[PDB]
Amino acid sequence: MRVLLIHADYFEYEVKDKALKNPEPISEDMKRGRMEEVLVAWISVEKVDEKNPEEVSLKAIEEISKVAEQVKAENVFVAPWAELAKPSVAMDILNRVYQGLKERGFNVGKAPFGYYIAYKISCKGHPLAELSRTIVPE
C-alpha cells in the first residue's frame, strides 16, 4: 500500500465520470463534499496487499492516526488513489481504514469508489503537511 498525506486548510471534491463500469452507487448529495482543517489520505492499494488485507488496514489506520495526532487534525478524509489490487480488495481495505479512523475518534469523510473525481486542495506547507508512507504485509 502507498499513502500520501496532505494536511489541508480545505479539501473539496466533485465526482466526474465512472472509472469502473460498475462503480459504487451514489446519491446526488454524495457527488460533492468539502472538509476544512483536514488530513487528506490518498491510499493506493497494491497487489501485495491482497496477501493480508487486515494487517495492512490496521497499519494504515495507525500511521494515518499518528500523523493526524502530530498535526492536530480532528478531520480526516480517505481518498482512493488509482500492480493494483482487484477492486473488491481495494474497496475492502478502504472501508476498513475509514471505519478504523472512525473508531479512533476522528470526523472522517470518504470518496465514492470507482470514479474520476475533480478536487481542490490547499496544503498548509508546514514541515509535516505533505508526507508519504509505504505499508507492506510483514
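Counting begins at 1, following the sequence as shown.
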> Unmodelled stretch from the deposited sequence between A82 and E83, which bin: none, 1 to 3, 4 to 9, 10 or more?
Replying inline: 4 to 9
> Got a sec? Mean C-alpha B-factor, which is higher, 2-10 or 127-135?
Replying inline: 127-135
> Hey, which bit's got the bigger mean C-alpha B factor in the entry, 22-30 or 103-111?
Replying inline: 22-30
> In this PDB entry, which of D92, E37, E55, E69 has the top CA B-factor?
Replying inline: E55
